[PDB]
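Undergrad: First the structure, then my questions, so here it is.
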Amino acid sequence: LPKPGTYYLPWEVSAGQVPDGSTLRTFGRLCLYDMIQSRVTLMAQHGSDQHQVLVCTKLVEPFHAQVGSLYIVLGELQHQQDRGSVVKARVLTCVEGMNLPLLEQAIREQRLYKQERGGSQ
Amino acid sequence: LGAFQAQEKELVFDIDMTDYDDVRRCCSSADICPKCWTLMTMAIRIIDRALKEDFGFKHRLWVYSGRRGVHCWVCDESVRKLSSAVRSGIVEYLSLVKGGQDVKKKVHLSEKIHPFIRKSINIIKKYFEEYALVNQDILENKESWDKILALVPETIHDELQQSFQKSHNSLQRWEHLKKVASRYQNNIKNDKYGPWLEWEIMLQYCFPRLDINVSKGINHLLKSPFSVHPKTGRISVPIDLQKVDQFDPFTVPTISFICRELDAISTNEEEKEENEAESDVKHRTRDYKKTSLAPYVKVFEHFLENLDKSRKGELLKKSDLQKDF
Amino acid sequence: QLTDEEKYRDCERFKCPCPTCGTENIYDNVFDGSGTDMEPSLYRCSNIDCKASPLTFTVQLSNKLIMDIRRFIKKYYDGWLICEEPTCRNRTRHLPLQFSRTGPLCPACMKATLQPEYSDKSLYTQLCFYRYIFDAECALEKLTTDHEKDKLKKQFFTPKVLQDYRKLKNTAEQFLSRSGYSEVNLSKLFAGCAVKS
Amino acid sequence: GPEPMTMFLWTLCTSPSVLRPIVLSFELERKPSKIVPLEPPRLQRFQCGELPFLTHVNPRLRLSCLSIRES
Amino acid sequence: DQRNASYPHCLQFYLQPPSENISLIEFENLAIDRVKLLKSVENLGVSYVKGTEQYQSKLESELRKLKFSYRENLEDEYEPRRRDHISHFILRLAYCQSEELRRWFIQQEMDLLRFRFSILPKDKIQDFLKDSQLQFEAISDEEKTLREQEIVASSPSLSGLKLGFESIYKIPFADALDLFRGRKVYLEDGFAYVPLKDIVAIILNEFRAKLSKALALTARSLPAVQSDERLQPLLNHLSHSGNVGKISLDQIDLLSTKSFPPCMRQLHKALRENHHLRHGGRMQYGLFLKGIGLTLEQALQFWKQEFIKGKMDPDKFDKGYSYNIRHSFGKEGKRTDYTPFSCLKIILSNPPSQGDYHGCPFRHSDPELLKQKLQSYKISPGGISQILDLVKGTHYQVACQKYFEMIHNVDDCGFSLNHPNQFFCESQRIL
Amino acid sequence: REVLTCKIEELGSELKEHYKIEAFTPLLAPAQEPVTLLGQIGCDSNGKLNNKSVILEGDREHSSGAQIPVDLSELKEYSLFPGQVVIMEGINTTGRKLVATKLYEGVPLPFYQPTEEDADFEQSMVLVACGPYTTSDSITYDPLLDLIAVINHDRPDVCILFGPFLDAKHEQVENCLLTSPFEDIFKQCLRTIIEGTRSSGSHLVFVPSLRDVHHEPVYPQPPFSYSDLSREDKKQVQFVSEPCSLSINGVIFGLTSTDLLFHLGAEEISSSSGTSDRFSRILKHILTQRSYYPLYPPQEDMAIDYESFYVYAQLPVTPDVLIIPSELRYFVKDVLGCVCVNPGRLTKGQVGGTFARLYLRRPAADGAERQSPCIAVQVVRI
Amino acid sequence: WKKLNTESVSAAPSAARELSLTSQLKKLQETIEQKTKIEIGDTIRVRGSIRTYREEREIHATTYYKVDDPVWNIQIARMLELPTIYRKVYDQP
DNA sequence: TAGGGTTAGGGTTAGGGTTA
């Protein structure tokens, strides 16, 4: 059995605020599909800032690509020497039309409740 | 499903001692004798020399299975990435004894001889004579040469049978066979047979036999070293490359003997090593130092040091190429 | 594989009124009738008493065909879409800007998608059907009985009639040349490979 | 509690084609004007780990349907 | 100068996907034409032998008939070269579904390339290599003379020290597998010293196979985006498109004496004699009995009986043998049900060794033992001679057909033999 | 979707750069503090647009095709049409209902700067004419011949005639009563025009229209094809695509054979506190929208190829002169330094319409303020 | 658990009403079969009790079915609704 | 003399440790 997948907004993982080898699930919008090297570069906006996450895909071929669309990625993170941070994909589904603010508020509320229950112990 | 595939594994070969029953006569079925150990000894020499010279593989590690077999563990770098077809080609090139149960003659050699066959026959003469003629005595009984003559054309079957009847020991019969073969080579007259009757019979009764199935697969499994056979308790140990001729199978330490050795080691520790606040690592280190496995682990460590030196050389070469000093 | 009936089952048959007798003319095949009635459709008019040869109205036929083709293309570029929900059946022309895993989302039911009211396949099938009735060479080739084919060709079909049929087919084929549905761009297909261009 | 139609309904009633999350608008079955307090707790023998045990239980609520919609 | 730049030579490794635009009908025509040509060349290769004159002449006739590029007249080669290029990449897009399909495509393309290179002049092969992105190395006459004896005793079809006026290339071992396997090239510390013609042909073949394999692997991930409604019927068209009733457990002996083909009669006889068999025969026999209408329970009883006759312990049987048999039929475990081995696969399977009996006797048996076993089956001397001639001609399937006709007393079998299930079902139909 | 979102995002980015907007809030974000949202103007109702049926549609890069109703009750003045790119600031309390609080205005592209060679040209004569050149039911082409005589007598430097050269609305072509092929008829008409203009010896410019018969009706469309032009007449006869941006002597001409004004007037709603010219508002809207046909969805009487429209039908720069044939009342108006002419149809029913004549005098570019080279225009009734 | 679909029902050539009913039965059967097919990367809903086996916890399933949520509405609603359920019912004396 | 019928109803259990 594997470890569970905790949610993480793109900008935190972009800054490397998670330990190496952790399992995380995040979101973003695809920007490029490097065919030969099996690499995916998705992007997510934050005000005037744009953040990039590198996704290895060696475990989900065959895989259709939808340029300029949202995605959900779940897997493990490995801190490479030069490439930086890349997530090893285990499941990679596509969702469209789902509004970000509801999701962001949802994880914020869940984190708040978890911390509140953590105040008794 | 389908994305979980084997990627690399070490190339291995297996040698089964029991696959020589129709040729050997020293023992029966699953029995062994010190006289027949020369078989796997010369097989080891042949295979190791062929690998070291023809292909140039650097690192090799020979392990005695425990009962009747010896395994090869090639662990070089540029070999772990090979596909299945290349390994099949390796095994095909290293195999000469070909045929099933129905086939009698295992060799069909033309006039031309490969350099590999030439090297094998040159390095096989010094061992064939003593072992074959004296120890096993292939040409001893009547049925012995009766099955021998099936390996040669019928044109001289009666003459050779009469010569064997006249002769007394296997040495005289072998000499007469050599003389008859040499006479026939000078008198070759429309014969499909090769000009190396003596060579082909020695290879047929003397060459090792492999199995393509254990090396063709990439996800296959094979016994790890330092195992414990559940029948004789002999621990699988590495075999030194430079002392192969001094390897008696019956002298390998067993699990019961090594356990009694551990008991005696504790007895010595009752008056030699006391009041030690060390972790289990150092205690177990001195434990297996005091045992009978010390030469075997020493050989394993020497091989590991050789591999480490090879890694140092390869990383220094990479540094030279990458201009990083 | 599929016959002409299956190929053009849902296509509109060409219609044109006779300039003189005022009777509308219907055309579905190169020839009129079959068997012992083996006559051209454009050989004689619809009315029994009408002696006018429809071949005399080549210009009128072409001028009606161009109008019909313009009508089909105008209908195709209407951009009408229909909701896929059985209880909605919405009709609209405002194509939204939010898609899903399959395509546009219906801005009414918020659960189903939108499909074109008149796809390119129907348009191409209609154009092929128009080209179908003006290929006398293919019809002659399809004639299994060689003797009857020769008899029909010699008894009535002068080469001038074939030239007129080619002239009619020319206008239909004119719009077929610029049709993109029968043109495949190879650059898109293999753009993924980049090792050696 | 205590013909192709039979098998058809048996198949339909025990499939996820019907067992779906629904939004219910329900009216209490026992009319509020009615008054009849006569309910002491009962007792039954629910068992899970191959070991029966006895426990009291409240009477089951009774309702009535006004409108049912999907979700 | 698009025409000349696109197509400089009649041969091409097919490394540059095109960029022009084609009509759909022409697309379909090219696809069907090249698949027909590939099937025809496969059949011609499997019927005759390589080289000769009739086989190559028929292949050239097929190429000329199907309006492809086969010769090298220096005029008007634009159209055939373009058609070959387009159709080859179309089939590259097509045959990327299963590993076996990829292997078949690679083998047939290899055959076609070998033919075209075999009709290529030497100056032209040198120019074609120059245009290719390949590097070769030439050793010096010093070591050429130093290693004369090994290079002449390797016998690469060499005729008594003909190395005069020759250039010897040095190649890593992992690229010359064809000559590597047959023991026809001297070897030294992972290197090969080789003559000119055979090794250049084989090296080109092997590198082409590797590069085509890599490109097919790359293209495997494309059909995920091939959702176009058009071309779907064509892809479906190119995508390609033994249940006899239950039998008893005691009629097997009579059916074996009647219905077992030679490729398995020896295995049955050995099983009935020694009551014990090794892996290679065991899986083959189990698959065959599964494929002719034997249930799980019947097969379990049969195996337990025939192994009790082998002096075992029933507990040991349950632990090992029935345990293996359960997954042999896909009862539990991964349960991937296995189809029986084909005649071609069995003939080209792992060569049996001592203590093994699997494999058709027409390929892995002595001629004298084969004749004796045929005589044990009461085969006519004329039939024996015909079987021997067929064996000499390496036509094992025709020999099996003759054996079937002799045992069943039918003048003509009328069906081509490809699988033992076919043999058994036809025998049951006769019965 | 790609074309629409690319155009929307480009114009939004340009407006953000122009008006110094710090950031854009996502459409569905609920916040009490007023925020600025970027989106396209559309009408939810299938019928004509109205102030009670306005919805804002977002963009892919920010809200992935959002749709929110717009409340203009607090709005003071408004003038909107479907497919209008605007930047609007409001309050979104629950994320579903938005109340408008502000409304921006478009920004025109910079004027083209004439070079040294442009100022050298002193003057030229250019005439504008448009179809249909037939009466309600007569194909005698009397207005065509009279216009030919007028242009031959006047001998303008440049002669420009708009389409259609053969309207399909005629009853003769409706019932297919013609004895000649349409292509042959148009070839004969072009021969007639060339032979008539030979005496004048003036430059002929032909712009196709969407009502043409022999030409395929998808906007934009390729120019007419003629292979019988003589060597001498080749230097003065040309065909350009519709729409075209023809620059003569450093003066940019806005050319279109489509009726923007009629459509826009029929499909625009406004409520202004003061009286103003609706046509001027439409002209400034189309100048600011940076699109020849900014209306979306288009008029149910023509076909638009969106890819070709985006790649070929974008305004290069602000044109000095704009030519808009229309079915509405003839007028001449100038907005933001751009001259716009509405000569109207030359034939109205069975009576002649109006045609206009233009002047192009290059003024001194010494002054800082750019001045329109066109100095005078007169519309002569026919 | 794999419910045993033993003794598959065989239809009879009855009147048209029974033919239509058998067609609807086949449609229902194929709908159930399609609904119950599960692959890696889908959304599953499980109902049942708790059992401990081999010193680990499992969930026996009384019923289960695949959920089609191509937009992630139902999961967002669930994981927004649950904390209210806790705070209103579960975290009470 | 004012509600219909009022009825209590499903409430078990199923087995890892596997390859061509």
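Numbers in chain C track Swiss-Prot; the residues on display, in order, are 1266-1462.
Header says: electron microscopy, 4.3 Å.
Any Cβ shown, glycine's included, is placed from N, Cα and C.
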Undergrad: Could you tell me which of the ranges C:1348-1374, C:1402-1428 is annotated in Swiss-Prot as motif 'CysB motif'?
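TA: That would be C:1348-1374, the stretch labelled motif 'CysB motif' in Swiss-Prot.
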Undergrad: When the zinc finger (C:1283-1318) is classified with DSSP, how many of its residues are helical, how many are strand and how many are coil?
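TA: Reading the DSSP string over the zinc finger (C:1283-1318) gives 3 helix, 8 strand, 25 coil.
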Undergrad: What's the CA to CA span in angstrom from C:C1315 (Zn(2+) 1 binding site) over to C:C1348 (Zn(2+) 2 binding site)?
TA: 50
Undergrad: Provide, as an integer number of angstrom, the distance between the C-alpha atoms of C:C1286 (Zn(2+) 1 binding site) and C:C1374 (Zn(2+) 2 binding site).
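TA: That separation, Cα to Cα, works out to 53 Å.
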Undergrad: On a simple 10 Å Cβ count over all chains shown, which one of the binding-site residues C:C1315, C:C1371 is most densely packed?
TA: C:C1371
Undergrad: Around the Zn(2+) 2 site formed by C:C1348, C:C1353, C:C1371, C:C1374, which additional residues qualify by having Cβ within 8 Å of the site's Cβ center?
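TA: Neighbours within 8 Å of the Cβ centroid, excluding C:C1348, C:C1353, C:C1371, C:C1374: C:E1349, C:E1350, C:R1354, C:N1355, C:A1373, C:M1375, C:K1376, C:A1377, C:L1379.
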Undergrad: Out of C:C1286, C:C1310, C:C1348, C:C1353, C:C1371, which binding-site residues come under 8 Å of chain F, measuring Cβ to Cβ?
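TA: Cβ contacts with F: none found.
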Undergrad: So, by DSSP, how many helix, strand and coil residues make up the motif 'CysB motif' (C:1348-1374)?
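TA: Summed over the motif 'CysB motif' (C:1348-1374), the classes give 0 helix, 6 strand, 21 coil.
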Undergrad: At a 10 A cut-off on CB-CB distances, which of the binding-site residues C:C1283, C:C1286, C:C1348 has the highest count?
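TA: When each Cβ's neighbours within 10 Å are tallied, C:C1348 leads.
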Undergrad: Can you tell which of the binding-site residues C:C1348, C:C1353, C:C1371 lies nearest to C:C1310 (Zn(2+) 1 binding site) in space, using Cα positions?
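TA: Comparing Cα positions, the closest of these binding-site residues turns out to be C:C1348.
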Undergrad: Round to the nearest Å and give the CA-to-CA distance linking C:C1283 (Zn(2+) 1 binding site) with C:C1348 (Zn(2+) 2 binding site).
TA: 42
Undergrad: Among the binding-site residues listed here, C:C1310, C:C1353, C:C1374, which has the most company in the form of other Cβ atoms within 10 Å of its Cβ?
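TA: Of the binding-site residues C:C1310, C:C1353, C:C1374, the highest Cβ count within 10 Å belongs to C:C1310.
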Undergrad: So around the Zn(2+) 1 site, C:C1283, C:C1286, C:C1310, C:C1315 aside, which residues have their CB within 8 A of the centroid of those CB atoms?
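TA: Nearby residues not in the site list: C:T1285, C:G1287, C:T1288, C:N1290, C:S1311, C:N1312, C:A1317, C:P1319.
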Undergrad: In terms of Cβ proximity below 8 Å, which binding-site residues out of C:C1283, C:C1348, C:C1353 neighbour chain E?
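TA: Filtering C:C1283, C:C1348, C:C1353 for a Cβ under 8 Å from chain E leaves none.
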